[PDB]
Amino acid sequence: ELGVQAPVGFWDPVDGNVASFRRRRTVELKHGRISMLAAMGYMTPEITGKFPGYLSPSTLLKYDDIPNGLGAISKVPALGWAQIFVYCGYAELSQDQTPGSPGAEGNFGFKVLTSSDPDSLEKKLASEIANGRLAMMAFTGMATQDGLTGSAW
Amino acid sequence: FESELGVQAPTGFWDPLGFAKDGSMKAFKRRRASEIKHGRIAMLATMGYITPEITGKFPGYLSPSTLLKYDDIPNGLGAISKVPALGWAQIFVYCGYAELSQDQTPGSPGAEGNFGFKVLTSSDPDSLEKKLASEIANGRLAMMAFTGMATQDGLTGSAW
Amino acid sequence: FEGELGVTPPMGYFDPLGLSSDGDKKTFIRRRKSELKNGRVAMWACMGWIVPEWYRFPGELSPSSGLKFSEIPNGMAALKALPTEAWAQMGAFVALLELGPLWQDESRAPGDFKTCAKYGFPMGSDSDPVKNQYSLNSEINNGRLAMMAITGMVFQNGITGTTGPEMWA
Amino acid sequence: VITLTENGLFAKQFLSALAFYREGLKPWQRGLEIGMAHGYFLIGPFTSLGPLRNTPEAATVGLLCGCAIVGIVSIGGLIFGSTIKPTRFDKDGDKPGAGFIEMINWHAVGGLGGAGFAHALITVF
Amino acid sequence: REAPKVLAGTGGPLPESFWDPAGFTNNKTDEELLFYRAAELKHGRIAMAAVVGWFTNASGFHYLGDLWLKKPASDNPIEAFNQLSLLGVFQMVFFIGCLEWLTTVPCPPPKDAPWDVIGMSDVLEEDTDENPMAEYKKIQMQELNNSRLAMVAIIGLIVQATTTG
Ligand code: CLA
Ligand code: CLA
Ligand code: CLA
Ligand SMILES: CC1=C(/C=C/C(C)=C/C=C/C(C)=C/C=C/C=C(C)/C=C/C=C(C)/C=C/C2=C(C)CCCC2(C)C)C(C)(C)CCC1
């Protein structure tokens with residue numbers, strides 16, 4: 001059920017239970033979301049440029065001066081990425097997995113699945129997790145590229 | 001309590017100072033949880049010094065903004081002032097969660113050293129006590145090894 | 001009150017002036033708590049006079065005064081040579097002990113404290129007077145001996161005026 | 001009519017635990033405690049801002065004045081115990097007011113002691 | 001919930017949201033949960049006074065400490081603590097020690113509500129139905145929510161002061 005895919009089965013040459021799988025599923029979907037955000041997030045300081053601007057703390061009218069895939073810092077936007085880190089925690093402590101009764105359901109705040117286009121279960125739940133797995137490898141592979149093989153593109 | 005995982009063989013119920021004449025049953029598990037947590041930290045701490053000595057320092061940059069090639073940070077005491085406070089904050093945060101995770105409150109499954117690692121879960125071949133006792137015994141050795149190692153790095157001056 | 005933990009072969013049940021002829025079990029409990037506590041203070045005080053005459057702690061008592069442990073006079077002259085903030089902090093700490101950890105519970109044994117071990121070792125046990133009748137008596141007699149001694153040493157300092165060889169001939 | 005400051009749990013337990021009300025205290029113990037408090041406090045108003053506040057001694061004068069105040073209030077308490085004769089501290093089958101008189105006498109003793117202790121602390125420190 | 005019902009309707013963003021995103025309360029007994037609240041309220045009540053004391057001292061009002069040191073102490077409350085004479089600090093500790101002794105041993109709060117250090121439970125109702133009163137649950141929210149904010153606020157003051165001035 002759920003994230004069981006098509007090209008492979010349970011792909012468990014190492015969980016394999018119910019409660020332990022549920023916690024592992026929450027980790028899997030969670031890591032999937034970030035990679036998809038990070039992967040599309042990394043392509044944007046590329047084409048369309050380092051889009052940002054406007055009056056920021058110690059970064060007023062900063063055109064996203066955090067360059068390169070790692071972002072570096074030097075008081076350029078990457079220090080502001082800590083605000084992203086802080087506010088990411090706020091959503092991680094308010095809309096979290098302790099009251100997240102299913103695997104990684106946040107009650108669908110946007111209601112995108114209320115016929116707006118996504119659907120409950122079936123391919124959509126399987127498509128989300130499968131896409132997350134691809135992005136996680138893509139983001140890690142992109143990390144290797146920036147480190148010792150130039151930049152993204 | 002005289003029959004738990006701690007009594008290995010070379011010493012019996014080794015409580016010379018009498019923490020067990022009044023040690024309550026929950027106090028044992030509380031102190032056992034302290035011992036297991038202390039031992040696991042010490043094993044990680046020990047590896048954290050002997051491994052950067054033989055294996056070279058991390059090939060990388062540690063802080064992408066403040067030029068830390070891992071080589072300007074010495075292995076041992078004094079690295080606390082070399083590693084950034086944020087890399088110190090971030091490890092503090094990571095360890096902060098690892099206890100603010102599934103709870104280790106008194107009576108909880110986290111209160112007896114069980115957290116859900118299960119790297120070595122032998123199929124109950126009379127080895128659950130073996131792996132448990134080995135972890136406790138090694139943690140006891142690791143704590144003693146670390147304190148000597150800390151005194152080695154301090155009294156001599158650097159490393160060993 | 002013969003059989004109470006304080007009767008010893010040298011005097012049996014001493015009570016020469018007869019200060020406890022009537023029962024007054026409350027009076028005995030109060031006086032016993034005083035006897036133990038005064039003994040423990042005297043015992044710690046008696047060691048407090050002997051040790052400085054041999055050894056002095058290395059560092060400085062008040063680093064922002066030049067004052068180091070060595071130059072503080074011994075005996076009842078450190079009271080006017082150790083800075084008042086120093087002595088006030090001992091009073092605050094003894095206040096913590098008397099109000100917090102070393103708080104004699106009414107239901108407990110006379111000298112029993114709910115946070116101290118068998119000879120006083122910090123971090124403790126509930127008392128077992130019957131088994132420990134030997135050491136409980138030993139503490140009282142040692143406290144009784146110390147109270148005589150510390151009253152001596154202070155008196156010796158009061159007359160001789162020092163803490164050296166003359167104070168203890 | 002119950003109010004927080006007199007009928008609340010903290011207020012009740014604070015009033016009951018005062019030396020005048022504490023259970024299990026012999027009358028001389030209540031007197032000693034109250035007297036120690038009064039004698040220790042009463043030294044201050046005289047040794048400071050007193051007629052001889054700037055003299056080299058300036059504290060023995062305060063000690064004498066505090067002991068005098070303690071003695072005067074103790075005499076007043078003796079008058080009260082010999083005229084009103086409260087019987088709430090007397091044990092059964094005793095001369096009426098004996099408990100109050102004992103409390104007042106030991107208040108005088110405790111006032112002397114507290115005044116002397118405050119003076120000793122001031123002189124030594 | 002069962003046992004967390006004794007501290008129910010008293011936390012969260014909205015008043016009836018048991019937050020606990022760490023399981024710190026589940027599997028814990030009723031007395032432990034009550035003791036956990038007693039720690040929370042005591043921290044928060046001190047934090048509220050701590051923040052107020054920080055601001056009346058960081059603005060330039062340290063009279064007792066300017067009149068005891070015979071010089072205007074620095075506005076930075078952390079640095080003013082050092083300048084404050086050691087006699088003042090020791091007396092400050094002793095006064096709180098007396099208060100902590102007083103509340104605990106002589107005038108103990110109840111065991112069902114271990115935060116009633118003033119002891120309103122013997123004159124309070126807390127279970128009537130009047131509107132122009134019986135809003136005691138609401139004022140419990142305002143104490144807790146304000147105190148929780150003060151706890152993270154005072155830590156921010158200390159952390160920033162000890163680091164980025
Ligand atoms: C955060 C990472 C993460 C987590 C927690 C999971 C969790 C899960 N996956 Mg999953 N997956 C991931 C990443 C992850 N996945 C990625 C990136 C891919 C793409 C290759 C996949 C592809 C995948 C498939 C195809 C299937 C699953 C399945 C599952 C479920 C059972 C499998 C299991 O027990 O694995 C347990 C595994 C571990 C405990 C090992 C964790 C990974 C180790 C630590 C490292 C692995 C090597 C890594 C590449 C080296 C990193 C180097 C780095 C240190 C620098 C479980 C919910 C199966 C499923 O749907 O079951 C219902 C299934 O069929 N996954
Ligand atoms: C954090 C340290 C710690 C803690 C909490 C425990 C806790 C426990 N150990 Mg244990 N142990 C430790 C370290 C520790 N151990 C080390 C390092 C060794 C190796 C020598 C052992 C060897 C050992 C054996 C062989 C056995 C136990 C047993 C036990 C259990 C019952 C005994 C007891 O109450 O000990 C309480 C322990 C303490 C209160 C620690 C106090 C340490 C004092 C304060 C200092 C000791 C000197 C120290 C080295 C000075 C360092 C110098 C430094 C200042 C420079 C209990 C769960 C027994 C057991 O499991 O019974 C069922 C058992 O058989 N332990
Ligand atoms: C002294 C700290 C303290 C304590 C003991 C409590 C205790 C309690 N809170 Mg609480 N709270 C606090 C501070 C505290 N709070 C602060 C500062 C906030 C603001 C964010 C809140 C916000 C809050 C909400 C919104 C809710 C509670 C609730 C509760 C109750 C359920 C038990 C619980 O959540 O975990 C009790 C145990 C702890 C809180 C452990 C303390 C934290 C541990 C040690 C890790 C934190 C370390 C931290 C990361 C690093 C310190 C620096 C930091 C400032 C960055 C319980 C009575 C719930 C409740 O009763 O509602 C019905 C609830 O819904 N609290
Ligand atoms: C300001 C304040 C307050 C108040 C306070 C008070 C009220 C205090 C008091 C205090 C006091 C009031 C104290 C006292 C003390 C005392 C003492 C500490 C004493 C002692 C004594 C002694 C020790 C003696 C002894 C003796 C005797 C008995 C006799 C013989 C001789 C001799 C000397 C031996 C309040 C809280 C409201 C609030 C705010 C703060």
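Naming convention: chains lettered A, B, ... in sequence-line order (proteins, then strands); numbering from 1 in each chain.
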How about [atom1] on [X], more than 12 heavy atoms from neighbouring residues, nucleotides or ligands closer than 6.0 Å, or not?
{"X": "E:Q142", "atom1": "CD", "answer": "yes"}
{"X": "D:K26", "atom1": "NZ", "answer": "no"}
{"X": "D:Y21", "atom1": "OH", "answer": "no"}

D:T3 versus chain E, heavy atoms under 4.5 Å apart: side chain, backbone, both or neither?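 It is the backbone, since no side chain atom gets that close.
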Are the side chains of [X] and [Y] in touch, meaning some heavy atoms are under 4.5 Å apart?
{"X": "D:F10", "Y": "E:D116", "result": "no"}
{"X": "E:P106", "Y": "D:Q13", "result": "no"}
{"X": "D:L9", "Y": "E:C107", "result": "no"}

Approximate separation, where rounding is to 0.5 Å, of D:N7 CG and E:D122 CG: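 Between atom CG of D:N7 and atom CG of E:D122 there are 9.5 Å.
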Given that the side chain runs from C-beta out, which part of E:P109 has a heavy atom under 4.5 Å from chain D: side chain, backbone, both or neither?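 Just its backbone gets close to chain D.
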